Each structure stands twice: as structure tokens, then as C-alpha cells.
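Trainee: here's my sequence, what's the structure:
(12 chains)
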There are 12 protein chains.
Amino acid sequence: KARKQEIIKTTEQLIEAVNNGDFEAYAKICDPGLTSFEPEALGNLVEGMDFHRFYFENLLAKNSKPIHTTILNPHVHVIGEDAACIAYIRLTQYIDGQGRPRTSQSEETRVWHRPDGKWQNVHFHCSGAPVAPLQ
Amino acid sequence: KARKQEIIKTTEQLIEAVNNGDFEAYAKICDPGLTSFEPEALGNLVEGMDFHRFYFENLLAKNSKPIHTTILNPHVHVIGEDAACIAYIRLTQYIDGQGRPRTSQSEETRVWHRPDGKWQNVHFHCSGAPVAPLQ
Amino acid sequence: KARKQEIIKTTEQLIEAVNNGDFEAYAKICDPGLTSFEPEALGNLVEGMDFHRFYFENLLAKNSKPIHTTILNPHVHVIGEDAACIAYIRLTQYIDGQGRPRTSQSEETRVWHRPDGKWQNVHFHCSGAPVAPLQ
Amino acid sequence: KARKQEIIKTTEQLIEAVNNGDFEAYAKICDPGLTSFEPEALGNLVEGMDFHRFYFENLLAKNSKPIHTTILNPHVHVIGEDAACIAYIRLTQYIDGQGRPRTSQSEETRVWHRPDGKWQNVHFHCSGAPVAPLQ
Amino acid sequence: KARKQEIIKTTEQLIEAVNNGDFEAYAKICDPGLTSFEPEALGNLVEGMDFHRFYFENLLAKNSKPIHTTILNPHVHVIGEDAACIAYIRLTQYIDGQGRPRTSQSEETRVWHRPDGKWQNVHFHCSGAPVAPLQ
Amino acid sequence: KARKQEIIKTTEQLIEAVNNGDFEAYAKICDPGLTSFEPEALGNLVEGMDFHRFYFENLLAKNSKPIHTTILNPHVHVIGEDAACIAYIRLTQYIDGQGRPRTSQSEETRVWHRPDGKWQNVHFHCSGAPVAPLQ
Amino acid sequence: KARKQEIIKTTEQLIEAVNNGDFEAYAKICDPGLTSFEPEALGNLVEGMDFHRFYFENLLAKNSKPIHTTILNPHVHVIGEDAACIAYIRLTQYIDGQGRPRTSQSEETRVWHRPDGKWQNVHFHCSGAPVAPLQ
Amino acid sequence: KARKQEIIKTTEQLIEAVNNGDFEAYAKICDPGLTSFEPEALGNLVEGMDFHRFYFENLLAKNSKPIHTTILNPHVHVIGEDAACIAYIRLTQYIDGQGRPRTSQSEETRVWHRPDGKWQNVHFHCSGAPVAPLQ
Amino acid sequence: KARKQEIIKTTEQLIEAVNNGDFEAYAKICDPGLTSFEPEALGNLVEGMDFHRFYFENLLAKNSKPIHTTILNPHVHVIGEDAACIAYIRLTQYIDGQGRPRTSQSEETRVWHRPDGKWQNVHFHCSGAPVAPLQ
Amino acid sequence: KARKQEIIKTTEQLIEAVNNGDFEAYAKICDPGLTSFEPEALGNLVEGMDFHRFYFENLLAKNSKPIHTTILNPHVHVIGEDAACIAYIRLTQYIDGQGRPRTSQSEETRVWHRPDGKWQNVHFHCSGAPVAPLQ
Amino acid sequence: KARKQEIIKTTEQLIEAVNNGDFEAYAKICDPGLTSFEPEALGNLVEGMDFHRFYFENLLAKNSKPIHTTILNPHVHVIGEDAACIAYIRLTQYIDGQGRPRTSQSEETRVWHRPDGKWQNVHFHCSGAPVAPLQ
Amino acid sequence: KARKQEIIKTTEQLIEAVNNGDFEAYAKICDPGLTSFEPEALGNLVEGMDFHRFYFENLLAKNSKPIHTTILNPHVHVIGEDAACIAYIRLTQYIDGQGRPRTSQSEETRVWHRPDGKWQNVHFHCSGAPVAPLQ
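Mentor: Residues are numbered from 1 along each chain as shown, chains lettered A, B, ... in the order given. Okay, here it is:
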């Protein structure tokens, strides 16, 4: 029951890092063997860090607008000493190009591995809208 | 090599059972704590086996019309000893109500746990089209 | 903590009783001075029991077609010692007129009162889709 | 009978404070454990104050264009000594972007609780249009 | 304040009489010099009692299906000692030709005069949907 | 019999003042406890004078386009000595925002009371087009 | 004056013949050099005016199933002292083919020559919607 | 003969005064007691020339383009020494804001009066185009 | 030189075989390890004979209507002694379900291998419209 | 053996040159008078490397912009000893002129031959899109 | 077979002349009676060479930069000993006024005659696809 | 001079024969080695009579609706002794789907050869609208 919290704490740290656009923190946690599905990939399974490395240098470079992100009803499933999974729903708020505020919803999955006592992410699934809000 | 093979073996068997409509085989493999994302849930994190039992007794009792399911390029990780993850793309061939062939795509994720003796599925995630064709 | 339980138990009983069309049972939980917003009222605050009595002779009596009701993540506030407020989301499954499955979502609110050693309902707010299934 | 009045007076104060785009007065009433269903939440249940704070910083107070708010036929229950619920309809008048008058209708619910000599809100349900009018 | 109750009681009696198709009861209260607006006149100010006699032999002779009538928030003015005005909303519940229920809304006005110790109706104005339900 | 004329004289002045855009005249004739049905109320029953003050300040006061109004075949009932009911039809000819002439129809009802020796309106009904000009 | 009533009575007599619905009576009233037109006649303007015959057939074919009639707000001009012009708006109520009651409207222009026992007409233009505006 | 000619001549004079906007002559030909059915009104019996005046003062101030008209199939009959009927189809020729060739059409009636030796029109029936078209 | 001929004959024979649905011949020429791009694959590389087997077993077998083909400007290379490539443009004629005439266009590439003295196709690449006829 | 790594070096070298304006690499690998399918010619079978020479030397050697190329699950067949066939899917990452990142999907094919030991590509086929993306 | 090639080169030089001052030589080589019809002519007889250059002028108006063109699968007949006709398809690669690469396709015909031992073009005909909407 | 006449006469005979769908006659005039361009070929150099044979069974066989064909501004070149060229304008009239005649224009160019003592067509280049009428 204690581990669940630190798993959720780690997930929050990861989401915060990607939002702030620090490639260093993302690289530290993400296992180079990471595999992910995103709408950015047009529905093709993608592997490796290089694919995401592009966005940290040209997309989030403009991440200056006011946004807010909420995490709803996280569910953590424990399957072993160094294995765990987490699922949750994600709500984000932002301001569109018309000056109005907008909201979007997306559900996500992540699988965590602990080699050498340190958690790392080895999978990622995003459904619905793209991670970056549409404006 | 060996373990990566049989994870695919079980996944193939599970996909076969759901297509055939056999409730017992699906019940055996699936873990009691199973969660799921899928379009049938309108974006909610459904849990348990009660929700899916509705479909088996009513809709999938018939598999008359032709259908062909294919799995392309599976990727499997092994976590620790008794945990693994599998990601793959699925192609479904079916005939529509107008009697013409039609193909649909969907990418899916799964997390497998083996407590002591039998592999079991604890989480699921289907993005895009539903688990069955739109006939 | 136990108080938060019997409320959810009662709410589950009331929803079950409505789905079975047994008006007699529904007349005990509900306080005579009931009020409610629901789509059937066209956005007007209805009061009393006579309004709902109509449905319990023609429509809900014929409520025999297969259906499944799910309650997701209820939340309860305990006010004072003899009152409470509960909110939740509701998922319904039904077979439409085309022989296909469907799902509908609607959130709800309820206020419970405890005079005379029993729990009773004194308000009800339903958004989104109608309470009854759309077969 | 007097207690049935100050609840209405308090509700009017809260609506005015929201309309003026002031946050300090808003916090002094709303309970820290507030929950609410609003269209801005896309049908989910949102807890806490942090979610609403975003709106008060970018949208409400920026223009304050001419508008009028009307409350019709409030209905109030008195539960115990420190609990009450209120239901009402709300008509709003505003000028659209085309320079023409418009109207919009919505119904709302609230639950009040008074620990330590102060009425405080713990639940809020809004159907139809959201709290903010569609200008 | 005493007069208001009897006026409302009279109005309810009148609505009951028309529903049951008793022309004699309708005539006993309504003043012979009655005018009325309603969709049945296509927007023409009708006058006299002959026009409405047509409905009490061919329209209500056919329709006998179950129906329920509700009256909401009646308001009454007193502008003398033998004259009064009443305004209210009305909701009707009826079953259409598909074997399913539906609701209709209309708002109405009436003017009452009291010659010979008896209240009499002199005007009527049904807005929105017509007086009768559309099955 | 002459009273049937002065009522029409007052009604004509009331409509003229409404069209012109001055608020003082409308206030004097209209009783403070005035009710009203009109499309701008979205089918609800409004009370008081403030609901219209918004219209006068923004739209009517700024009316600067040619339009025409006519009254066809009024009917007047005299009840008591200080009360009477008037019904009539209203054809409005207006130059639209496109600088083109167009016609629309609407029927109305008004109830008149004369305390202290001045006639005043206590109730108002309108159908079809809105009370305000359709420019 | 009195002669205004006489023409009114004769108009009812013409109506009486119309319910009988015999074309010979129609020919009797019409002057052999009468005029009439309508676009539904493709603008044809002849004494026969078969377009009148067209909706004479449709309307009067209903008479096997009972009908009722009504007229409103007649207006009369006496030409010199030897001819009379009469106009009005006519309401008719009928049972349709589906068994539902109906109402129909028809404006009318008629002119009658003084000579007693030989009254005849030179013109008529039903116009408006002689049969049905929009079904 | 001479009679029938001058009515037609007058008929044209009336038409020219319309297009030229010579209201004073139009007022001279038309009896102040004129009455008319025409689509400009929604089936009502307008009285006087004020309703038509709108189609002269504020319309012709900007509605002025080279325009022509053709009179088709006149047919007249005489009644007594001061009464007669004239019926005619009218074409109006001008190009609107579309490249398609254009020719509008109207068909009309007049009933004629000669008090004191000067002819005048007392009743007027129409259909199709208004007194003046859009430009 | 003749080698560039026989290859073209083989490709023409293959096209005829698939047109007539002779599964055996198609299997004989097609290598067991065939790859393929085509519109039906939604841009996914599909290997083996099972994927195409669906068309023969379901559609082509039942389909008995005729078909005709046009092949334009083939270019063939020569590599080694058991390899070759062919590129060309294609135009095809057939009959639909309604029987009305239908002609299709496609542009296709193929690669051939000749081990064991028998020419066999190991790769294929279509474009544009679907390979299968649209009946 | 070691063919998959062979294509890695060979295909990488070809792709790198393609993304650059140099023609030496393109000329050396390609085969003179070779057909190739690219949407640049609308399936006109661009013959000879000279077609690509014109654009690469003159225009396409523009200023580079941040772009990224990806290759997914390539498949290789080895024909005889001096030939091979390769298929794969190419995802292109680029930033459009609006300043927003974008991705595109396009599948390809290539046939390789070893003339006198050194490898040479004697065919090329691009589907879905051309070699280069559009900004 | 040689005579089939000389025609091609004569045409190849002639086509290249369009891009140089040799266009006058192209004019000189052709019969002064040279004539052609073009898709956009719709009755405008042209000298053949002029209209084709006019297309080239349009491209150079946008381009005014160096050009490359290609000719594919030429077809040449042999008629008599002093006549011949050629058919071919032409592609042009150019840089647009926006600086981006572009391509165009054309279909051409030419008639050749050799009096006095000099090949003279006596009839030309081009073909493109400039459909009117939006190019 | 006389040689010019027969060229036009034969072309008329071929065109008329084309209109009548008499494929056998068309097969005689046209040389077996016919080359042609046309919209149906999508800008491709078709060869042989097989492609054209299709139209003479489905489309040209049903050519029974009224049609009119005209020849304008014919011009003929005489090359050598057994060759000649013909160019002209073409106008076709036909009844469209709306039942209104339509006019279409199309320009051609042909080359005739005279072996065996008879004229035959060895080229054809149609532009603009298709050969067949667009009914």
C-alpha cells in the first residue's frame, strides 16, 4: 500500500517534467527500450527516444501559454516486487486561438520496471486527443 | 526466446476464444482484477468481469458471417520473472451489411501476470476501432 | 466510515427497485415532499409523487429487455449526523431497435435525510441522457 | 421561516461574487472539499478549489460585458439544524458577438453545511448551459 | 387571500371539465361573450361559443388514451372585488402513436369576472404548443 | 361606451412609447407588480420591471431605423369600473438590417387597472414574434 | 344600415349553396362576363376560372364527411346607391382522411348588384391558400 | 366603349403613379376608404392607404432603377352607371442582382366607383408580387 | 531477348488467373513467402497467402460475372538468370452487380524469382484503386 | 550472411544522400534509363536518372529545415546472389510553414543488383507520397 | 528504321527551340499554313506554334528560371516517302512563382512533310488539362 | 481540288457511322494500326481497336436520344499523292437529363493514308469535351 503512492508520485514527476520541457529528466526515467503509441505516430508502434527528442527541441520550446492538467482516479496494479502498472484519466485546460478557454480529455497507460532499485518506464499508451492541446 | 514465444501463444489463444464466444476460456485466462479501456466504455476505466459478460451471452453468441483477424509485428518485454507486456497492431477483415469486404485497424496493449502456475491478463487498452468489426 | 456504506447500499437498492417497476417499494424510500430535475420535465422543477406515478404503469412496467447498470466511483459527504449528499456517474447498456449494443452515460446527485430512524430521499438531479434506457 | 431566507440571500451573494470576477470572497464561502458537476469538466466529477482558480485568472474578470442574472422560484429544504439544499432556475441576458441580445436557461443545485457558525457550500450541480454564459 | 384559492380551484375544475368532454359544465362557467386565441384558430381572434362546440362531438369523441395534466406555479392578481386574472404554465403527459411517452408544455392566461355571485371566464390565450396534445 | 375608446387611446400611447425608446413613459403606465409572457423569456413567467430595463438601455434606446406598426380590429371588455381586458392583432413593417422591407405578425393581450384615477397595466401576453422590433 | 345586413344574409345563402356544392348554383351567381385569376391557373384570366373549379372540387368533395364554417370581420361598401361590395375572412373546419379534425382559412371578395331577386356577382378571387399552403 | 377605355387608362395612370411614386395622384384615384387583400399582408383585410404608403416613402428613396411593365389580358365589365370590374395580369421587367434574365409577374383586381362624376377605386385584390419589388 | 517476352506472358497469365479466381494457379505461381502492398492493407506490409485467401473463399468463388483487362507499356529488366522486374500501367473492365459498365485503373510492380527452374513471384506493389472489382 | 545489416549501411547511405542535394550518390547507385514510380510524375514512369538530376542540382538544394526520417520494420529478400528486394514504411517528421510539427506516412520498394560486385538499385517505387514531404 | 528516328530528332530539336530564339526557326521550319486547334480555342484558329508558346509564356511568366523537359514512348508512322506523323507525351519540370518545384504534362501531335528534301511541319496539335475552376 | 472533297465526305461518313453505332463500318475505314488520344484514355496513347470496341456494346449501342452534329471551319492539307490531313471544329447538340438542349464543342485533328487504293485513318487527336454527347 506504501509503494502505490511513490508510483503515483513518480508519475506526477514525469508529467511535470515533460510539461516543463526538460529533456534531461525525461531521459533519466525513461528506459531506452521504451515503446509507445501516440497520435503523433499516425497509429504505428514506435520505439526509442530519438522520435520524442525532436519535440523537446521545437514543440515545447513554445510552451509558454497558461495551461493546467488534472489527474483523475488513478488505479495502480502491483504484479511483483519490481513490476507495476498504472492507468488514469487526464484532463487539461488551455486557451485557444480565439481567446476562449478549452478543455480536452485523454486516457493513458504506463508500465514501470525497477532494475537496480530505481523505477523506469517501458511502455506508454495515449488514446483520444493528442498530448499537446489543439489550438 | 522461449518465454517471449508463449506470451504470444497465450495472446493468440485469448483472441481466438473471444472471437469464438466461449465464456469459460475467457474467464479462465482473465484475472479477477482485470481493468480495461475500450470504446464500449465511452472513455471510462471499467473494471471486473461483470461488464464484459453482457456481450458474450447476447451478441457474440453467433459468429456466422465471415471474419479474419491478423496480428502484425508483436513486441514483448519481460519484467522480472512473472510479468510481461505485449504491444501489437491488429488487422480485421470482415464483410459489411452490403456484402462487401472491409478492413479495420486497431492497436492494443496487454500486461500479463503469472502468480504461480498460469499466465493471466490484468490490464487492457484498445485504441481506435472496437474489438469487433462494424458489420 | 460505516455510515458512508449504508448510503451506497440504499442508493443501489433504490436504483434496483426503479428498474423493476415496483412502485410500492419506490414509495417508501422517497419522501412525500420530493423534488427533482430530469429530462422528462423539460427543465422545470417538478414536485410531489404524482408526476412519476405515470411511468410506473406503462413504460417501466414493460422494462423487460436486457439491460445492465453500472455505478462508477461514488463520492459521499456526511453532513451533521442525520443527512448526507452523494454523487456518482452512471453507465447503462441496452439493445437498440437494430439489434446492436449501445452505451449511455449520465451523472446524478442525491440528498438523503434521516428523520424517524430511516433514510429518505428529498432531492434528485439527473443530467445528460434520460434515466430509463433508450431501446 | 427566517432560516429559509438567509440561505437564499447567501446564494445571491455567491452568484454576485462569481459574476464580479473576485476570487477572495469566493474562497471564504466554498468549502475546501467542494465537488461539482459542470460542463467545463466534460461530464467528470471535479474536486477541490484549484480547478476553478484557473478560470478566475483568465476569463471572468477580463471584460465584464453587460449582462443580467435572474433567479426564479427558489425552493429550499431545511435538514436538521446545520444543513439545507436549494434548487432554482437561472436566466441570463447577454449580448453576443454579432451585436444582438440573447438569453439562456439553466437549472442548478447546491448543498449547504454550517460547521463553526458559517454557511459553506459542499456540492454544486449545473445542467443545461455552464456557469459562464456563452457570449 | 381567500379568493385566490377558490379562483385556482375554479380553474382546476374548468381544466378537468374540458378534459372529460362535458360541454354543459364548460358553458355554465364561461361567459357567452368569450374570446380566445389558440392554434386552432390559425392566429385569428375567435368569438362566441359555437366555434368550440365542434370539438365536443368529433375530437374528444375519438381520443380517450391515458393522459396526465400538471399545473405549475399559478399566479393570481386581484384588480377589484369581482374581477381577477390568472397566469400559469401547464405540462401534459401523453403516449404517442409509437407506444411511448412524451411531454408537452404550454403557458396560458385567463380573465375572470363575477356577475351574479359567480365567477365567469371572459378571455383565454394559449401560447406555445396548442392546448391539446399531439399524438 | 366611451371608455372602450380611451382604453385604445392608452394602448396606442403605450406601444408608441415602447417603439420610440424612452423608458420613463413605459414605467409610468406599467404597474410595478407587472407579469409578462414573451419569447424573450424562453417560455417562463417573468415578474417585475428590471427584466425589461436591460432592453430599453441597450436596444430600444438605440433604435434608429424606420419601421411601422398597425392594430387591426381590437376588442375591449369592461368589467367593474376600473378594469377591462383588451385583445388585438399587431402587424409590424420593418426595414431589415439588409435595408429591405419585411412584414411579421403577432397577437397580444393586456389587462388594465385604474387605482387612484390612472389606468395601468398589470398583465401582458405576446405570441409569435418577440415584443422588441425584429430589426 | 339595414341593407348591410341583407347582403350579409345573402352571403350566408351563397355559403349555404356552397355546402350543397353544386356547380350550377356557382354559375347562377356569376355574371357571364366575370373575371378571375391566380398563378396556380398559370395566370389565366377568364370567366370560367377553372382554377376555382379545381379547389371547388377538392374542398366540396369533403362534404360527404361533415363540415363546419365561420366568417370574420366583414366589410361592406355601397357603390353609388345601386351596387354593394362585400369582403370577409372565412373559416372552415373539417375531418381529414386520417380522421383528425382540421380547420381551413379562405379570404373572399364579392360584389352584388342591387336588383332584388336577381343578385349576381362580377368577380371573385379566393387567393391565399384555396386548398393547402404547405400540406 | 368609352367607359371601358377610360377605366383601363386610369388603371395605367395608377400603375405609373406607383412606379413614379406619385402618391398624391395615387391618393386621388384611390378612395380614402380603399380596402385590399394582398400578400404584403398575411391574409388580413388592410384598410386605408397608410400600409401601402410604406412602399412609397422609405422604399422609393433608394429603390430606384430603370423598370418597365407590361399589361396582359385585360377584361372589364360594367355595373350600373358608376360601377365596374377590371382584372389584369401584370409583368414587370428589370434585371435583379443575378445574371439570369428576369421578369416579375403580378395579377390584380379593381372595383370602381364614380361619385360626383369622378371615378375612384374602393376595393383592390392582388396576388404575387407586392406594390413594388426589391432592388 | 525472349526472356523479356516470357515474363510478360507469365504476368498476363497471372492477371487472367486472378481475374477468373483460379486459386490453384495463383498459389502455384505465388511464392510461399510473398509480400505485398495494396490499398486493402491500409498501408501495412502483409506476408503470406492466407490474407488474400479470404477473397477467393468468400467473394470470388461466389462471384461469377465477367471481367476484362488492359495492360499498357510494360518495361522489364533482367538481373542474373533467375530474377526480373516489371513495371507498367493497368486499365481494367468488368461488370458490376447492377450490370452497368465499370472500368478501373491501377499501376502495379512485380518481382520474379526462378529457383528450381520455375518462375515464381515474390513481391507485389499496387497503387490507386483497389485490386478487387467493385461490384 | 549478414544481409539485414547490409541493407542498414546501404539504405542509410542512400537515404542520407537523398536528404542532401548531392547527385553523385544518386547517380552512382541508380541505373541509367531506369523507370521509377513517384507522384511527382502522376505515375508517368520517369525514365532515366536525368529527371531527378534537374531538380536536385537546381532547386531542391534549398536551405534545410529541421526534419527527421524514420524507417519501420524493413523486410529483405535475397534473390540468387547478386540481387535483393527490400520493403518498408517511412515516417517523415517536419515542421510546416505555419510553425507546427507534422508527420506523414509513405511506403516504398526497391530492387538491388550487384553489377560487377558493387551494388546498384535498378528500380524504385513510392506510394502514398513522394520521396520528400510538403511544407 | 532510320527514317523513324530522324523524325524524332527533328521534333526534339523543334521542341527545344521553344525555349530559345530558335522559336523563330521553329516558325521558319513549319509551313506558314501551319494550323492547330486547342482545347481552350473553342473556335479560335491558331498557327499551332503560337498557342503552345503561349502556354510556355504562361509558365515562364511564373517561372523565368531554367527548365528541363522529357519525352516518353514516342510513336511514329511512315506514310508514303515524303510524309510522316508522330505522337508523344511531354513532361515539364519548373519552379513556380512561389519558388516550389512543379511539373506539367501535355499531349502533342505533329504532321511532317518533305518537299525539296526538307522536313516541314504542316500541322500541330497540343493538349493539356486546364479546367476552368481555380487554376 | 477534288481530292479535298472526298476527304471531307469520308470523314462525315465515319462520323455519322460513329453516331449510328455501326461498328462494322467503322472497323473498315480505320486502319488497324490506329493511334489516338482521348479523355477516356486519361491522356494515354492507346493502340489497337480492342479498347474502342468496348463503347460499341454498352454506351454507343444505346445512342438513341436526339442529337445534332455540325462541322465548322474545316481545313485540309494534301501531302504527297496518297496522304492528306484534316482539321475542323465540332458542335454537338443533345438533350440533357433536365430535358433541355445543350451545346458542346470539341476540336480534333486526323491523318489519312491511302494504301490499296482506299482512304483510311491512322491518327486521331480529340481535345476538349468527350466524343460522345453528355446526356
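Trainee: can you list the residues of chain A near chain D?
Mentor: Applying C-beta under 8 Å from any C-beta of the partner chain, one finds that chain A approaches chain D through A:66, A:68, A:70, A:72, A:89, A:91, A:93, A:95, A:100-101, A:103, A:105. No exception for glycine: its C-beta is placed from N, CA and C like everyone else's.
Trainee: from those, pick the one nearest chain G.
Mentor: Chain G lies nearest to residue A:100 out of these, by C-beta to the nearest C-beta, at 40.3 Å.
Trainee: from residue B:65, how far off is that closest one?
Mentor: Here the criterion is C-beta to C-beta, to the nearest Å. By it, residue A:100 lies 47 Å from residue B:65.
Trainee: also residue A:125?
Mentor: Between residue A:125 and residue B:65 the computed distance is 30 Å (C-beta to C-beta).
Trainee: okay, these two: which has more neighbours?
Mentor: residue A:125 (23 against 13; other C-beta atoms under 10 Å in any protein chain shown).
Trainee: helix/strand/coil for the more buried one?
Mentor: Following DSSP: H, G, I helix; E, B strand; the rest coil, the label given to residue A:125 is strand.
Trainee: doesn't residue A:35 make contact with it?
Mentor: No. Residue A:125 lies out of contact with residue A:35 (C-beta atoms under 8 Å); the separation is 9.6 Å.
Trainee: which residues of chain A fall in strands?
Mentor: With strands called from DSSP state E, chain A shows them at A:35-37, A:46-47, A:68-80, A:83-95, A:101-113, A:120-128.
Trainee: so which of those strands gets nearest chain H?
Mentor: Taking C-beta to the nearest C-beta as the measure, the strands of chain A were each checked against chain H, and strand A:101-113 came out nearest at 40.3 Å.
Trainee: ok, the residue nearest the centre of chain A - contacts?
Mentor: When chain A is reduced to its mean C-alpha position, the nearest residue by C-alpha atoms, centre = their mean turns out to be residue A:15, at 5.1 Å. Under the criterion of C-beta atoms under 8 Å, 6 or more residues apart in numbering or on different chains, the contact list for residue A:15 reads A:69, A:71.
Trainee: report the buried residues of the lengthiest helix in chain A.
Mentor: As assigned by DSSP state H, the longest helix anywhere in chain A is helix A:2-20. Buried residues in helix A:2-20, defined by neighbour count with 16 or more other C-beta atoms under 10 Å in any protein chain shown: A:7-8, A:10-11, A:14, A:17-18.
Trainee: give me the residues contacting stretch A:90-100.
Mentor: Residues external to stretch A:90-100 that are found in contact with it (C-beta under 8 Å, 6+ apart): A:65-72, A:101-108, A:133, A:135, D:41-42, D:44, D:54, D:58-59.
Trainee: from residue J:134, how far off is residue A:36?
Mentor: As judged by C-beta to C-beta, residue A:36 and residue J:134 stand 26 Å apart.
Trainee: more neighbours: which of the two?
Mentor: Neighbour tally, residue A:36 and residue J:134, criterion other C-beta under 10 Å: the higher count belongs to residue A:36, 20 against 12.
Trainee: picking that back up, out of the buried residues of helix A:2-20, who's nearest chain H?
Mentor: The shortest distance between chain H and any of these, using C-beta to the nearest C-beta, involves residue A:18 and amounts to 57.0 Å.
Trainee: verify the stated contact: that closest one with residue A:26.
Mentor: Yes. Assessed by C-beta under 8 Å, residue A:18 is found in contact with residue A:26 at 6.0 Å.
Trainee: can you pull the contacts of residue A:101?
Mentor: Residue A:101 neighbours (C-beta under 8 Å, 6+ apart): A:93-95, D:54-55, D:58-59.
Trainee: state the phi and psi torsions of the most far-flung residue of chain A relative to its centre.
Mentor: Among the C-alpha atoms of chain A, the one most distant from their mean position (C-alpha atoms, centre = their mean) is that of residue A:98, at 27.3 Å. Here the main-chain torsion angles of residue A:98 (degrees, to the nearest 10) amount to phi -90, psi 0.
Trainee: how much space between it and residue D:135?
Mentor: Following C-beta to C-beta, the distance that separates residue A:98 from residue D:135 is 12 Å.
Trainee: if residue A:127 is in a bridge, with which residues?
Mentor: In this structure, residue A:127 bridges to residue A:107 when assessed by DSSP bridges.
Trainee: tally of neighbours for it?
Mentor: Number of residues near residue A:127 (other C-beta under 10 Å) recorded here: 21.
Trainee: tell me how far it lies from chain E.
Mentor: When distance is defined by C-beta to the nearest C-beta, to the nearest Å, residue A:127 is 36 Å away from chain E.
Trainee: quick one: that residue from residue B:126, how far?
Mentor: When residue A:127 is compared with residue B:126 (using C-beta to C-beta), they lie 8 Å apart.
Trainee: for chain A, which residue gets nearest to chain L?
Mentor: residue A:42 (30.5 Å).
Trainee: hmm, residue J:103 and that residue touching each other?
Mentor: Yes. Between residue A:42 and residue J:103 there is a contact at 6.0 Å, judged by C-beta under 8 Å.
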